[PDB]
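Here's the structure, in structure tokens; my notes come after.
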Amino acid sequence: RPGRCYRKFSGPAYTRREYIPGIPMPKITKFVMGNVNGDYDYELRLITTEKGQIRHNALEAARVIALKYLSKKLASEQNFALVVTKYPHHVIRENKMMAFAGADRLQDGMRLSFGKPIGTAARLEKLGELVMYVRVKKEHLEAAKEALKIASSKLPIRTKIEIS
Amino acid sequence: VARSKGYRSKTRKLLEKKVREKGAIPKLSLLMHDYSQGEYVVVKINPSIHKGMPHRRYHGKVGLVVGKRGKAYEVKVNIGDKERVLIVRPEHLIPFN
Amino acid sequence: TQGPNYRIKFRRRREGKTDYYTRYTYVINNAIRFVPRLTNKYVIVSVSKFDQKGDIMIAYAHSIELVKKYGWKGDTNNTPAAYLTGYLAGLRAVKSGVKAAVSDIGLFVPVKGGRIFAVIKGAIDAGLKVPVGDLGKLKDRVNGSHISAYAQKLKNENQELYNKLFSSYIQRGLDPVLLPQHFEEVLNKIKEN
Amino acid sequence: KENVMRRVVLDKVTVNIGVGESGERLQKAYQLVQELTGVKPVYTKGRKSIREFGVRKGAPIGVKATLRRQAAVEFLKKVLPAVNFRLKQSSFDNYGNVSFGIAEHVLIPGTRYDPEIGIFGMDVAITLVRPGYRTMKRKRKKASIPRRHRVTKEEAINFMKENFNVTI
RNA sequence: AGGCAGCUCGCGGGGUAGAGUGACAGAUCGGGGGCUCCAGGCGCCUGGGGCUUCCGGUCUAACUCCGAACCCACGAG
RNA sequence: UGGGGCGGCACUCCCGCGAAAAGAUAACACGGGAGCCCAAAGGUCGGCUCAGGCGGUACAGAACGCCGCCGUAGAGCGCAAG
RNA sequence: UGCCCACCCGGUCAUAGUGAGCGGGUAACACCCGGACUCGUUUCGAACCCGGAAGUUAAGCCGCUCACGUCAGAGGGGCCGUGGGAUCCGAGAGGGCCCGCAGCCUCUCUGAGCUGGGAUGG
Numbered sequence: 004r005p006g007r008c009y010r011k012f013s014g015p016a017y018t019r020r021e022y023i024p025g026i027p028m029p030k031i032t033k034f035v036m037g038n039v040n041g042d043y044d045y046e047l048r049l050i051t052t053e054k055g056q057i058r059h060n061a062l063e064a065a066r067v068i069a070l071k072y073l074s075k076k077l078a079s080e081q082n083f084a085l086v087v088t089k090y091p092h093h094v095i096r097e098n099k100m101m102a103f104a105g106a107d108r109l110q111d112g113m114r115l116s117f118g119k120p121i122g123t124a125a126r127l128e129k130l131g132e133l134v135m136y137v138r139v140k141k142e143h144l145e146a147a148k149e150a151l152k153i154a155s156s157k158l159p160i161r162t163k164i165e166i167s
Numbered sequence: 002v003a004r005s006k007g008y009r010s011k012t013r014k015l016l017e018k019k020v021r022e023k024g025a026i027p028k029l030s031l032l033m034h035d036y037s038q039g040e041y042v043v044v045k046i047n048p049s050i051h052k053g054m055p056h057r058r059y060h061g062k063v064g065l066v067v068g069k070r071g072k073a074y075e076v077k078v079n080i081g082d083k084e085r086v087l088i089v090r091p092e093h094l095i096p097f098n
Numbered sequence: 002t003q004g005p006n007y008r009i010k011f012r013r014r015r016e017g018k019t020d021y022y023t024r025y026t027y028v029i030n031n032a033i034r035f036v037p038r039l040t041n042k043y044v045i046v047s048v049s050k051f052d053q054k055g056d057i058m059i060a061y062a063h064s065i066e067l068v069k070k071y072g073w074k075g076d077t078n079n080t081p082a083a084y085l086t087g088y089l090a091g092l093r094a095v096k097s098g099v100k101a102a103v104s105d106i107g108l109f110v111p112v113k114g115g116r117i118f119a120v121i122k123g124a125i126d127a128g129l130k131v132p133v134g135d136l137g138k139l140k141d142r143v144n145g146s147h148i149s150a151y152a153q154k155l156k157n158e159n160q161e162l163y164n165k166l167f168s169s170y171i172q173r174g175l176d177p178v179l180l181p182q183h184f185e186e187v188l189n190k191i192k193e194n
Numbered sequence: 008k009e010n011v012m013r014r015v016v017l018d019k020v021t022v023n024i025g026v027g028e029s030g031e032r033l034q035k036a037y038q039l040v041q042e043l044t045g046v047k048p049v050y051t052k053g054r055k056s057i058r059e060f061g062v063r064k065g066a067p068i069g070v071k072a073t074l075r076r077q078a079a080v081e082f083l084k085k086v087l088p089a090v091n092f093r094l095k096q097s098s099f100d101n102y103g104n105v106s107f108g109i110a111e112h113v114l115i116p117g118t119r120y121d122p123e124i125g126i127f128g129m130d131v132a133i134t135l136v137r138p139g140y141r142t143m144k145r146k147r148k149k150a151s152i153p154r155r156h157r158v159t160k161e162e163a164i165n166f167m168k169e170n171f172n173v174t175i
């Protein structure tokens, strides 16, 4: 299903697991990469621009692409560390019934059209919220710029970078 | 989905009490003072006391002491353009102003 | 106190003074309190009434005046002392203007023939109108016949029970056997004033 | 001297029989400790049922006896020679409490026999007191005493070595 | 002969927006310290398993220690 | 009844959420319950204070009992929730 | 004199709490003495009940000090809303702006028991 289907907000959040049975397992499993507690100098972060919800599926892909670019750069345990901030707390639900029941004269249409859990999203509620960030030294900010930027290529929403 | 018209329906925090005043009835000082006709009172339901609990529909309002029956009082309150009488024990009444 | 969740019971409850549930009933029923509290050295009786800034005691009496204004000679925290002060309370109460009230007890176990019931009877006999269950004290306890009977065994413990008090060494001749006789004379003394 | 009532005294020795069951053994245990203590014991109702070890709520699962002044102190005198060497400092807490049991109660140098009732072990608990605990136990002005007024472990050992000439 | 569709003042009610999660209920990411067990290597070290503590972050229509604007009651104007 | 039928009961009553800090407020919205049970699980009086954790004692054990310390509810209160 | 100092009877219901340390008692208050009678301990005078009352400030009580909990004041930092209006911007989501209001968290510093009714003590 296309990413344009869940970009905006359709109703409130969706969080209580005990109230919402059967959540598909999110793609993301690891959230921290690199030698945390390692010595770093440049302190660049990532900032979003407009509101919305981001599917975990893209994020996990964004997680992988960032790692390989850095991994080939120097190493995976070297003087760098990647940490993604948000978590897919939000859950999306879709009326899939038009697929199976939508061809057998069952209760089709908007009949009983409550959504069904198929994916999760990391919710964004503040203008300019952190999504991920990376810590390096003085000598590798240039590689870090596009490293975030290439990840941002896959994000659904417009993003912003900074240097610190 | 129509909601049940339970006598305490939709009260998840209406009858919630701030933790600082839990337990049995503390404010004995309010009760001991006695009302007479023509007095003006404010209804503030105590969720703890199960006796003479007025319905939620008239909570936090202005009441008038019109008489006394038994240990309890009866109170006149205007809600719409009608009149109503609420017979209640005093332990949800606080003087106005 | 361990955080915002921790609740604090009242000062009296923290100090174990009064049972509010009992006090609760008097408030809702506007009961006028009769309070025969006891301490290790004397007896305390009061007639209370509720008010905004706190309780108001209409009349009050203490064991101390019995040895000061009425010349009591025996103990100040026993049954005869308990009865005497209760009888005093009513006389103050009667001239006070009150007619009826309710005994307020709290932390005294309702034992029949105990000091507490001994106190209330005196106020009753003083003329104070207070309905009471009929399982109160025993008549012989008021005059302390048991005490003198207990005292009469002084032939056994090589001494009288009334080991002389803080000042009874050479000032107060405690007379344990002649106890009830000393009761009436003070009772006669207090009956007319 | 203010120390005369900061002193440590012996009080309320605990005479508890642990059987953990109900029936046909409590009765003999009840009378067995009866002549040992000279007072009528009390059964112990069961706590929350566990369904294992055969324990249920409200079921009498033990025998308890308690002795007081001039009786608790002499009771220790006749059981100490059995277990004078059994005393270990490890069994003394920080609050002046220590308990000692026996695998089989034949060790006591008493006038006991071996009737058809059988044989048993025994558990004994020792309580030490600095005068003034009444406030913690009285009805009025309930309160707690600070650790300063409590009985410490070292003085507990002293009150065992003294007045009882017990080992360790 | 008062009436009240508005406002102001006075005097009350509120758990929503928001905010917080060591304040409960849950969700959830990591590091540090200590304790414990296992595997490997040369008593030690490494890796893994469980426990604790400290530090940091990520959410809640069915979480609320808090909490507006705001809306409402009554008296007077 | 987002045609009708099939589907299901949103057709009787109750908890929360929906629902937007007065009230009322829709959904074939969501998460759930009831068609009972209790002569004691009821009235009153009296007494004790829980879950849990720590130290010591034969069997004794993380958890049968016993002696001490802490434990603001983390237990418990019949049946779902508040 | 006195008034406060505790006490009994309270109101406020933590700014009043908890924990530790120290100080105060010949009165008051407890600790503490003892149980024959009252009553009472599914054992016990433990506790309760009664009779008491030597000692004693160690408990408690009380005051003070320090910690934490906790109410506020200020400072720093965190975070950020909402009514009223427009053929305003933006495709939308959203945002600015003029008219009215704010509060929220978290660190630092500074305070932190008040009060009615009666018998002791100064």
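Protein chains in written order, with the authors' numbering: chain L10E, 4 to 167; chain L21E, 2 to 98; chain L18P, 2 to 194; chain AL5P, 8 to 175. Built from N, CA and C at the ideal position, the CB exists for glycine as well.
query = At a CB-CB cut-off below 8 Å, which residues of chain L18P make contact with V20 (chain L21E)?
reply = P5, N6 and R8
task = Scan the segment 121-150 of chain AL5P for residues whose Cβ lies nearer than 7 Å to a Cβ of chain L18P and list them as they occur along the chain.
result = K146, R147, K148 and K149
query = Which residues bound the beta strand (DSSP E) around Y74 (chain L21E)?
reply = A73 to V78
query = Taking 9 Å as the CB-CB limit, is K69 (chain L18P) close to chain AL5P?
reply = no
query = Measuring CA to CA, which of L87 (chain AL5P), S106 (chain AL5P) and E31 (chain AL5P) is closest to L114 (chain AL5P)?
reply = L87 (chain AL5P)
inquiry  = Judging by CA-CA distance, which residue of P27 (chain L21E), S5 (chain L21E) and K83 (chain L21E) is the nearest neighbour of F11 (chain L18P)?
reply    = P27 (chain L21E)
ask   = Going along the chain, which residues of the segment 16-38 of chain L18P sit with their C-beta nearer than 9 Å to a C-beta in chain AL5P?
value = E16, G17 and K18
C-alpha gap between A84 (chain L10E) and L47 (chain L10E), whole angstroms = 12 Å
Burial state of residue 179 (chain AL5P) (16 or more Cβ within 10 Å) = A query on residue 179 (chain AL5P) cannot be resolved here, the shown segment of chain AL5P reaching from 8 to 175 and no further.
query = Which whole-angstrom value describes the C-beta separation of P120 (chain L10E) and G25 (chain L10E), a residue pair presumed to lie in contact below a C-beta threshold of 8 Å?
reply = 6 Å
Three-state class that DSSP yields for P27 (chain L21E) in the structure shown = coil
ask   = Given that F51 (chain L18P) touches chain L21E, what residues does it touch there, using C-beta distances under 7 Å?
value = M33
query = To which residues of the same chain is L166 (chain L18P) closer than 8 Å at the C-beta, ignoring the five residues directly before and after it?
reply = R173 and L175
inquiry  = In whole angstroms, give me the CA-to-CA distance for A124 (chain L18P) and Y27 (chain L18P).
reply    = 20 Å
query = Hey, which unbroken runs of the alpha helix (DSSP H) at 4 residues or more fall wholly within the segment 111-173 of chain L18P?
reply = 116-127, 140-144 and 146-152
message = Give me the DSSP bridge partner(s) of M113 (chain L10E).
response = The partner list for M113 (chain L10E) (beta bridge, DSSP) is empty, contrary to what the question assumes.
key: Closest Cα partner of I124 (chain AL5P) within the set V11 (chain AL5P), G25 (chain AL5P) and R32 (chain AL5P)   = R32 (chain AL5P)
key: Where the alpha helix (DSSP H) through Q41 (chain AL5P) begins and ends   = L33 to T44
task = Compare the C-beta of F118 (chain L18P) with all C-beta atoms of chain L21E and state if any pair is closer than 9 Å.
result = no
inquiry  = What does the Cβ neighbour count give for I57 (chain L18P), buried or exposed, with the cut at 16 atoms within 10 Å?
reply    = exposed
inquiry  = With the cut-off set at 9 Å, would you say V99 (chain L18P) and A60 (chain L18P) are in Cβ contact?
reply    = yes
request  = Rank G61 (chain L21E), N47 (chain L21E) and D35 (chain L21E) by C-alpha distance to the C-alpha of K19 (chain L21E) and give the top, closest one.
outcome  = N47 (chain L21E)
ask   = Are the beta-carbon atoms of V136 (chain AL5P) and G108 (chain AL5P) separated by less than 9 Å?
value = no
request  = Report yes or no: is there a C-beta of chain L21E within less than 9 Å of the C-beta of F11 (chain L18P)?
outcome  = yes
task = Check whether the Cβ atoms of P91 (chain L21E) and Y36 (chain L21E) lie closer than 9 Å to each other.
result = yes
ask   = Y120 (chain AL5P): buried (16+ other C-beta within 10 angstroms of its C-beta) or exposed?
value = exposed
Identity of the residues DSSP links to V137 (chain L10E) by a beta bridge = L85 (chain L10E)
query = Can we say the segment 39-53 of chain AL5P touches the segment 63-78 of chain AL5P, given the rule of at least three CB pairs closer than 8 Å?
reply = yes
query = Helix or strand or just coil, what does DSSP make of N30 (chain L18P)?
reply = helix
query = Run through DSSP, which three-state label would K19 (chain AL5P) get?
reply = strand
request  = Identify the continuous beta strand (DSSP E) that holds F107 (chain AL5P) and give its terminal residues.
outcome  = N104 to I109
request  = Check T2 (chain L18P) in the structure and name its three-state DSSP category.
outcome  = coil
ask   = Which residue's Cα is closest to the Cα of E16 (chain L18P): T142 (chain AL5P), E162 (chain AL5P), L74 (chain AL5P) and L43 (chain AL5P)?
value = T142 (chain AL5P)
message = If I follow the unbroken beta strand (DSSP E) through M129 (chain AL5P), where does it start and stop?
response = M129 to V136
task = Could you give the DSSP three-state label for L16 (chain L21E): helix, strand or coil?
result = coil
message = Which residue marks the beginning of the beta strand (DSSP E) containing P120 (chain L10E), and which one marks its end?
response = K119 to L127
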